[PDB]
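Heads up: the sequence shown begins at 11 in full-length UniProt numbering, then just goes up one per residue.
All C-beta atoms, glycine included, are put in the ideal place defined by N, C-alpha and C.
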Amino acid sequence: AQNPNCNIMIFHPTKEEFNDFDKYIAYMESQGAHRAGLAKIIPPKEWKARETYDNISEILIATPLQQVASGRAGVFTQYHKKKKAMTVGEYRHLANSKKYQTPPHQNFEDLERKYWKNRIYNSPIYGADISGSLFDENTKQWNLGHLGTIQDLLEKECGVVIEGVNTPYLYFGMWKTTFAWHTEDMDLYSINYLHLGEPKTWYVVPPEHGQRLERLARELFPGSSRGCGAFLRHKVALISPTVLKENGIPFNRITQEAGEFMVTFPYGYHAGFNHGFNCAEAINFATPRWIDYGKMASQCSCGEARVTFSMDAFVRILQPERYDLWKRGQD
Ligand SMILES: O=C(O)CNC(=O)C(=O)O
Ligand SMILES: [Mg+2]
Ligand code: NI
Ligand SMILES: [Zn+2]
């Protein structure tokens, strides 16, 4: 079995190997990359996402989210308070202000320590989940707006044509902006490109051990667990590496820098934080290997998780027994 310790693997494809996206994902899996839940892909030196980022300031962040924490430093939830619209140029200025900027630090490890010690005492503002793309249309390789769609994958594998679309999302971050522990909708893959700015630190639980994380979460968030049998779908709970280690949960960590891709694999729980002002682009995707995960994915029906239009068909076709209950939670 390849990668039996479930370590995060880092790949350096050549420009030739960067042509065929599906083929390269399958290669990484042949080497055991999915066992970690997360892989890093450093593009060939010849590649670029676009020519420059000099002209992005007028993008609008219609609903910036202030991420307010409750709990203790290593075990907390966050809620998202909506803020007034602002442009990317306005948000960058805010991220660089004395109130929100990255503190002085020695290295990524020192900054990580500072994040876990102090995150709860601040409320950073995240420009998350903005439909759009920063890839140039002429970028042919690993262009996250030009991937094969999940609807087409399901049709190819299963023969059923379904409605829905699959487009990318932009994320503008600042110091301490946080992504809570989650798997993707329908336990899909994700791919995330860090276009510019400061790093993003990731934590991940191997898919084979995801249920260990879920059991800890139920213990640590006991009211939330009574409310919903899949409350991590709400994407609000944080647990620190120290708490994970104290509770014997297998995990790994890595820091993504600008110009790098990360892939999350089906049922790979992940969480993390941004070091400072940055912009990432991410999208979900599927492969043949996903189908069995999609069929088994948990679902939130309590009403909290509310998701896209396109998840309807995935539930309806892959999980017909669950469909009626899940759709009630959507309405
Ligand atoms: O970058 C973020 O805030 C969160 N991204 C992801 O969870 C992802 O790409 O799957
Ligand atoms: Mg602009
Ligand atoms: Ni994710
Ligand atoms: Zn729920």
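DSSP state of residue i, grouped into three classes?
i         : result
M196      : helix
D146      : coil
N128      : helix
residue 1 : The question about residue 1 has no answer here: the residues shown for the chain are numbered 11 through 341.
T24       : coil
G339      : helix
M38       : helix
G137      : strand
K92       : strand
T252      : helix
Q221      : helix
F31       : helix
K210      : strand
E291      : strand
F118      : helix
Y279      : strand
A46       : helix
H156      : coil
Nearest-angstrom Cα distance between residue i and residue j?
i    : j    : result
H22  : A190 : 28 angstroms
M306 : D197 : 9 angstroms
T274 : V215 : 10 angstroms
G155 : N288 : 19 angstroms
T87  : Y34  : 36 angstroms
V246 : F28  : 35 angstroms
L70  : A95  : 7 angstroms
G42  : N257 : 26 angstroms
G81  : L206 : 32 angstroms
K109 : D322 : 41 angstroms
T318 : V175 : 10 angstroms
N65  : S107 : 21 angstroms
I249 : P260 : 13 angstroms
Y131 : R123 : 14 angstroms
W152 : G220 : 28 angstroms
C238 : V171 : 32 angstroms
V78  : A11  : 43 angstroms
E39  : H192 : 21 angstroms
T73  : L164 : 32 angstroms
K58  : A105 : 26 angstroms
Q116 : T187 : 20 angstroms
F324 : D162 : 12 angstroms
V85  : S235 : 14 angstroms
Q329 : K255 : 34 angstroms
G99  : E267 : 21 angstroms
Mind checking whether residue i and residue j have CB atoms under 8 angstroms apart?
i    : j    : result
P114 : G142 : no
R60  : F182 : no
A240 : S308 : yes
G339 : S311 : yes
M184 : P134 : yes
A36  : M19  : no
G269 : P53  : yes
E208 : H285 : yes
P276 : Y199 : yes
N294 : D195 : yes
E167 : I301 : yes
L48  : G233 : no
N202 : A292 : yes
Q111 : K93  : no
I140 : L204 : no
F271 : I51  : yes
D334 : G158 : no
Kindly examine ligand 2 and report whether one of its heavy atoms sits closer than 7 angstroms to the Cβ of residue i.
i    : result
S143 : no
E68  : yes
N176 : no
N65  : yes
Do residue i and ligand 4 come close, with the Cβ less than 7 angstroms from some heavy atom?
i    : result
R263 : no
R243 : yes
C16  : no
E194 : no
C168 : no
I want to check one thing, is the minimum distance from the CB of residue i to the heavy atoms of ligand 3 below 7 angstroms?
i    : result
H280 : yes
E291 : no
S235 : no
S308 : no
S200 : yes
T318 : no
Report the CB separation of residue i from residue j in whole angstroms; it is logged as a contact under 8 angstroms.
i    : j   : result
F283 : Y63 : At roughly 22 angstroms, the Cβ-Cβ gap does not stay under 8 angstroms, so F283 and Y63 are not in contact.
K25  : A83 : Going by Cβ atoms, the distance from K25 to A83 rounds to 45 angstroms, so no, they are not a contact pair.
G137 : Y89 : With a Cβ gap of about 17 angstroms, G137 and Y89 do not count as contacting.
Say yes only if the C-beta of residue i is nearer than 7 angstroms to one or more non-hydrogen atoms of ligand 1, and no if none qualify.
i          : result
residue 10 : In the structure as shown, the chain starts at 11 and stops at 341, and residue 10 therefore has no counterpart that could be examined.
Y181       : yes
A296       : no
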